[PDB]
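>>> Let me give you the complex in parts, starting here:
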Amino acid sequence: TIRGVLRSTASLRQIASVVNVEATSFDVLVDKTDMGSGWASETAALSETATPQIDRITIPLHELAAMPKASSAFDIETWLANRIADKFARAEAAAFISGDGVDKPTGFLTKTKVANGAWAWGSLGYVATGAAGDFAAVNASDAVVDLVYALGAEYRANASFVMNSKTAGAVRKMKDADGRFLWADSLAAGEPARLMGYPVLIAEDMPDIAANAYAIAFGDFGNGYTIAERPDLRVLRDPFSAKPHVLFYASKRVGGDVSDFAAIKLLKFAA
Amino acid sequence: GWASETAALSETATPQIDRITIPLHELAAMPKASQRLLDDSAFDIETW
Amino acid sequence: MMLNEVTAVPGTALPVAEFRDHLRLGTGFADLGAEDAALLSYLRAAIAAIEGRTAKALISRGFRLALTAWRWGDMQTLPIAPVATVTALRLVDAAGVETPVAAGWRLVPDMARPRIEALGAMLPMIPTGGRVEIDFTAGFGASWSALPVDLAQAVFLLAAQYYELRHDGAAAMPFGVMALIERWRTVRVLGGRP
């Protein structure tokens, strides 16, 4: 049996809202503001209090394609089908997190972030850690806990952290003034998988800790990020074009950006 | 075409389609009747 | 399929002044020109011998290929092999009217198979009782210098022979006349229907 390198599988697919769509695009419809109702006066005109301005966000439903040429110990049809499904499960994971606008789903990091407390609708909110290189030196994890408690109590019913491996490394490297590992205290524990009472998703397409990078996200992505897709995978078992190489054609179409800008909060490693 | 496939016609020009919108306006009339006239007349003006 | 030539070679394009260097006539005589009328008579007699054994052309004079029915449904391999830029497949009618046709025909260059394959899966049809002449200029180059030199040597090995013996008098080289010709002959193994 032919082996391959085992890549990361966690993909933000299982915590975001997966919607089977059949058309060319998926239009989510979110109001931007409140009703604005006031307490009425007993002798006043009292008319036209306000109306929420709605907004259509378009999931463009892009397509993803990989085209390998095939060029009896192991059987290529099953193996290449088990590799290209993995690559389509992994290459859309980068687009879900840091994809840009052109021909691919725009990830939640590329949505013009604004510091929380001055949060408006068109952006995502972040909280600063302190010094630019890493977590704060005096009190580590204060950035983590106020990232949790700067989101909103309705979305924190089912919210999760999104990191890569070597940011969860730097989280588990946090220790008290005796060096006793605030998260998973002993050297015998392991991954506790319940950071601050919330699950952790190790998604490798997140950036690592840098001068300004947003290496930790937290949110109810079921309301936040909408993955609209078509469930099938095209299989053109092509017997033409090149006699020498089969050149199988496999494509899945998928789209997605943020549906709710209030659900996702980011951790900026700066001041 | 017949011989144009050899020289050109690598693709045949597809029909460029066009959407014509019916804007669907409304036709509304609001005549004003009096309450005195609606009550005095033997003729049912409200159904006329 | 008649395959005549529109124009012959000019004669001034033949290397009579270099063939005279080959045959060791003489260097600095004041006459120097008593053989010019006959040296190109043997160069044209040795090129035309090698143009028939090789089915090549060698001076790129213009041809006229007047034929009536197509040999195969679409291909029409041309006889004179090294071709370039088929001018005109003017389709004559039963009598008179000659209408040149762009017709959607291509040209596949090759030294072995100089086809004229059509792109619309059928060459232009032929008016019953009328021919389809094809003007094309086929050969290696315009001047003598554009030839493959081994084929140019096979003219000089052969036209020197006609100059040295006049009648058919009998008289083994590694690369003789024949061994230089043989990579330019047409190697065919079909005697079939298609």
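All right, it came through fine. Numbers count the residues shown, from 1 in each chain, chains lettered A, B, ... in the order given.

>>> which residues in the stretch 51-200 of chain A form helices?
A:76-98, A:142-148, A:165-172 (DSSP state H, counting those that start in this stretch).

>>> Which one of these lies nearest to residue B:2?
Proximity to residue B:2 (CB to CB) singles out helix A:76-98 among these, at 42.0 Å. In short, each C-beta sits where N, CA and C put it, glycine included.

>>> Name the surrounding residues that touch the closest one.
Contact with helix A:76-98 is made by A:2, A:4, A:7-13, A:16, A:64, A:66, A:68, A:70, A:104-110, A:162, A:203-207, A:225, A:227, A:233, A:235, A:237, A:246, A:248, A:250, A:252, A:254, A:256, as judged by CB atoms under 8 Å, 6 or more residues apart in numbering or on different chains.

>>> and the residues you listed, which are buried?
Burial by neighbour count, 16 or more other CB atoms under 10 Å in any protein chain shown: within the contacts of helix A:76-98 this picks out A:10-13, A:16, A:64, A:68, A:104-109, A:162, A:203-207, A:225, A:227, A:246, A:248, A:250, A:252, A:254, A:256.

>>> List the ones among the residues you listed that fall in strands.
Taking DSSP state E, the ones among the buried ones among the contacts of helix A:76-98 that sit in strands are A:64, A:162, A:225, A:227, A:250, A:252, A:254, A:256.

>>> and the fifth one, what is it in contact with?
By that I understand residue A:250. Contacts of residue A:250 (CB under 8 Å, 6+ apart): A:65, A:66, A:67, A:81, A:84, A:88, A:233, A:234, A:235, A:236.

>>> between those, which is nearest chain C?
Taking CB to the nearest CB as the measure, chain C lies nearest residue A:236 of the contacts of residue A:250, at 26.4 Å.

>>> any idea how far the closest one is from residue A:76?
To residue A:76, residue A:236 is 15 Å away according to CB to CB, to the nearest Å.

>>> please slot chain D in as well:
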Amino acid sequence: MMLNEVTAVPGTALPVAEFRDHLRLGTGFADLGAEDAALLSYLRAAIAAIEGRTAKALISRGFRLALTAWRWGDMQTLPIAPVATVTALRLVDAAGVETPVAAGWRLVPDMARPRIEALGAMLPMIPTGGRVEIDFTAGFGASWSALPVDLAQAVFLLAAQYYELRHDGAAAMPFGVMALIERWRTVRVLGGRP
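Chain D added:
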């Protein structure tokens, strides 16, 4: 598949000064008198006889291989054998848009079977009617000194023969012309469909 040379030899690359020494040096009449530019015309005739029997190139001239359909799915053996560095694999269409490619293929050099051998199983497909065209530089080296000297001696054994006797006159050496060539000929045993 026309495979015309882009440029010929310069003529100054050929060892005319050395071939005068293979003709009569160390033994002979004197340097004697030889039409210098004649001796260049027999070297070009002996190289072009050995370029054809061996399918080699010997001076590293520039070639242009313009063929319509790929023979295999990916392989494309190049005929002129000692190759180096495809200049370009530009791809013209039926109208002449001439869109080159810069990746997808890796020339695998070899004196036996030079190839194109694209990556994977996809070799650049051909526009319908638009012949593919490959420019490459094939041969041993730029100067005469970069050649295998046994193949260079087969030129001098042959170009001297065209100098010593002009017409096709009759005349078994151990390493003659033919025995020095046979380790450079192409040994093929395929007459089949692939």
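
>>> Show the contacting residues for the residue nearest to residue A:246 when sequence neighbours are not counted.
Spatial nearest neighbour of residue A:246, chain neighbours left out: residue A:70 (3.4 Å); criterion: CB to CB, 6 or more residues apart in numbering or on different chains. Taking CB under 8 Å, 6+ apart, we find residue A:70 in contact with A:76, A:80, A:245, A:246, A:247, A:248, D:120, D:121.

>>> Can you get me a residue count around residue C:193?
Residue C:193 has 5 neighbours, counted by other CB atoms under 10 Å in any protein chain shown.

>>> Look up how far chain B lies from it.
According to CB to the nearest CB, to the nearest Å, residue C:193 stands 26 Å off from chain B.

>>> So that residue, which state does it fall into?
coil (DSSP: H, G, I helix; E, B strand; the rest coil).

>>> Distance of it relative to residue D:128?
Remark: distance between residue C:193 and residue D:128 (CB to CB) = 28 Å.

>>> who's sitting farthest from the centroid in chain C?
residue C:30 (36.6 Å; CA atoms, centre = their mean).

>>> In which helix or strand does that residue reside?
Assessed by DSSP states H and E, residue C:30 sits outside every helix and strand.

>>> cool, and the one 3 residues further on?
Mapping residue C:33 onto the secondary structure by DSSP H and E places it in no helix or strand at all.

>>> Over to the one 4 residues further on?
Using DSSP H and E, residue C:37 maps to helix C:36-53.

>>> so what strands line up beside the helix or strand following that helix?
Per DSSP H and E, the first helix or strand lying C-terminal to helix C:36-53 is strand C:62-67. In the sheet, strand C:62-67 lines up against strand C:4-5 (antiparallel), strand C:132-138 (antiparallel) (DSSP bridges).

>>> For the longest one, list every residue counted as buried.
Of the residues in strand C:132-138, those buried under the neighbour-count criterion (16+ other CB under 10 Å) are C:132, C:133, C:134, C:135, C:136, C:137, C:138.

>>> Another chain to add, chain E:
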Amino acid sequence: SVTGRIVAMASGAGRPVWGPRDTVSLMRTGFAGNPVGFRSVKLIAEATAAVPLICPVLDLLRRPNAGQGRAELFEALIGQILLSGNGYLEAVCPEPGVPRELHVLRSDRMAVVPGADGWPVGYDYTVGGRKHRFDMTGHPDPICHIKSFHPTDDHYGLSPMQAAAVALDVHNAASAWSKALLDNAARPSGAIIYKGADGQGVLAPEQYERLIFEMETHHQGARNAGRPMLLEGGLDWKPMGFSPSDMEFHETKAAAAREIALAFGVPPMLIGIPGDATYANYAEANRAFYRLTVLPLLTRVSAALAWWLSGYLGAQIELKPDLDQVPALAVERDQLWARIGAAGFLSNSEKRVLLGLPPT
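Okay, chain E now, added to the rest:
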């Protein structure tokens, strides 16, 4: 079951799985192409339709739809199983129980969907580029999918034509060898060699029409067979032969014509191919045909109609071949009636219960 849930996510849930690539080309080259592959399927598919069945529901089977009878249905059904290893039956149910339409869907244009738990959720009828997406996420499950046994695949059948796909291409090309040999061959019955004074010399068209007319009139044909044929100086007649005359791949075609009949399981005696006498006298080879490749095939499809159609009814129904008054099994019925009829020790009602009779 539990293994199936893991198997799905390997191939991909919710996406169509196609299986065999060439099954559309084996039909034209193996069932419309050669007579041996043609007759072998027609011999079986017309045999399974002739076998009666034992149960209402059979009223549907007798008249499934317009223009497609009872016997015509199983010829279409088994004719897809022998060709592509898969049988399909669409049911149209205006009514809740016993749906009054059956349709043999061809297995070229049908594709499976593995779904979540490995057992199928979708079947996709794809003609052109247009699909249907039948749904299996319900109880009546509108398509019975009859699989031939396939050990390596989890969703399709093996289609005996795929196992004989080498012997089809031998039999197709050896038969086309002799066709194009009779169509591309130049044999002469001789050659009048004319050398001349030189080693080469043509003869003038005056002399050549003399040579045709003395050959056309006086030498060719049945009526001129054997004229003494004076040859003067220069002329000579070399008679040619034709050294392989008969038998161009005659046995390798006849061995391949037996391996096609071997794979579908028909005996060589029934189909009519030549060969050594294996079976004796057609009371066996027809009985072997309805016991090794018809009745095992028919009791396997009828076991799937007994379960798929019972999903439309409330009560489950069995549906089996008759294995009685099928006249190829009369030698198994003589042999069993004369055994117990001659057993005089056990009484009269004690052997009506053995032979299958209503007791008295």
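
>>> so, the neighbour count of residue C:193 revisited with chain E in the model?
7.

>>> Could you tell me how many residues sit around the closest residue to it other than its chain neighbours?
For residue C:193, ignoring the flanking residues on the chain, the nearest one in space by CB to CB, 6+ apart is residue E:184 at 7.0 Å. As a burial measure, residue E:184 scores 10 neighbours (other CB under 10 Å).

>>> Show the backbone phi and psi for residue C:73.
Reported as degrees, to the nearest 10, the phi and psi values for residue C:73 are phi -50, psi -40.

>>> Give me the distance between the closest residue to it other than its chain neighbours and chain A.
With sequence-adjacent residues excluded and distances taken as CB to CB, 6+ apart, residue C:73 is closest to residue C:122, at 6.8 Å. Going from residue C:122 to chain A by CB to the nearest CB gives 24 Å.

>>> same thing with residue E:219?
52 Å.

>>> Isn't that residue up against residue E:228?
No. With contact defined as CB atoms under 8 Å, residue E:219 does not reach residue E:228; the gap is 10.1 Å.

>>> More neighbours: those two, which one.
residue E:219 (16 against 5).

>>> what sits against the more buried one?
With contacts defined as CB under 8 Å, 6+ apart, the neighbours of residue E:219 are E:227, E:229.

>>> With adjacent residues omitted, what lies nearest to the residue nearest to the spatial centre of chain C?
Among the residues of chain C, the one closest to the centroid is residue C:57, at 2.1 Å (CA atoms, centre = their mean). Sequence neighbours aside, residue C:139 is the residue nearest to residue C:57 in space, at 3.7 Å (criterion: CB to CB, 6+ apart).

>>> swap in residue A:142?
According to CB to CB, 6+ apart, the nearest residue to residue A:142 is residue A:136 (6.4 Å).

>>> mind listing what the one you found touches?
Contacts of residue A:136 by CB under 8 Å, 6+ apart are A:129, A:130, A:142, A:143.
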